[PDB]
Amino acid sequence: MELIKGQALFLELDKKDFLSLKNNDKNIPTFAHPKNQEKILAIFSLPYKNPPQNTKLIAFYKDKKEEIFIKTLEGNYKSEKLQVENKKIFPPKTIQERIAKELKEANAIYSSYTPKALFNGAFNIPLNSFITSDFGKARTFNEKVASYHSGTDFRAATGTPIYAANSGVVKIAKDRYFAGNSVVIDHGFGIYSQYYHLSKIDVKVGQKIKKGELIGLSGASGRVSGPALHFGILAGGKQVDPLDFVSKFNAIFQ
Ligand SMILES: [Zn+2]
């Protein structure tokens, strides 16, 4: 019941007489424990940027309240001190609008909660190469965090086939300002995977997709630093450390 910022954890709770799980009147959804039928699960995530120092949750049962305290740990993320901090960019109106529009779309998707499992066992990595840029690489103008790498980058020459980390429904399959050519998949229970900077999109919004199924070709779209696959996980409303999430998720749903 310590959690590093930008990570998810799976809380286990007794199923019997459970009524709700709350965080200051935010209801946290619950789903079945796959291997213990007397338990349920909930995903709790702390944001990378500007998280609470401590979190208290209440699980309300028919005959009892149960408090749950989680301290925010800082972790050991690569960070470096920005030296400029003009901090305010001044983009053209046409770009501000497209960003704004795409941000409203994405927030509508990531806020929605499909209350069933759309995945199929464990997550696989979307590509069998290696990490060239880690999740959580931060740029700080003290005393906090100016920007951070909200996913992890795999080495990929332009045109490398990218496969869905798990089964789900495609919710985004288009070119967006920061993500380039983007695929976003709903796996259920508020878990979304993100495949950014693609050179080709091979799926369509609404499509049901299987684990291991081709979703496009890596590229360098929307990416300044050249070709790579940006892979993200959003869970519990927040961007979380994707390889961390996958190992925790797979430890439960294998
Ligand atoms: Zn990235």
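Along the sequence shown, residues carry numbers from 1. First listed ligand is number 1; within each ligand, the first listed atom is number 1.
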- Message: Less than 6.0 angstrom from the centroid, inside 45 degrees of the normal: does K56 satisfy that with respect to the ring of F69?
- Response: no
- Please test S147 against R139 for side-chain hydrogen bond (donor to acceptor under 3.5 Å, both in side chains), starting from the C-alpha separation and ending with a verdict. CA-CA 5 Å; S147 56; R139 311 290 163 148; over 6 Å; no
- Given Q194, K238, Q239, the one that forms side-chain hydrogen bond (donor to acceptor under 3.5 Å, both in side chains) with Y110: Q194
- With a 4.5 Å heavy-atom cut-off, do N142 and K144 have their side chains touching? no
- Query: From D202 CG over to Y163 OH, what is the distance, rounded to the nearest 0.5 angstrom?
  - Reply: 10.5 Å
- Message: With rounding to the nearest 0.5 angstrom, report the OG to NZ distance, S167 to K211.
- Response: 6.5 Å
- Atoms of protein origin (N, O or S) under 2.8 Å from the Zn ion (ligand 1): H149 NE2, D153 OD1
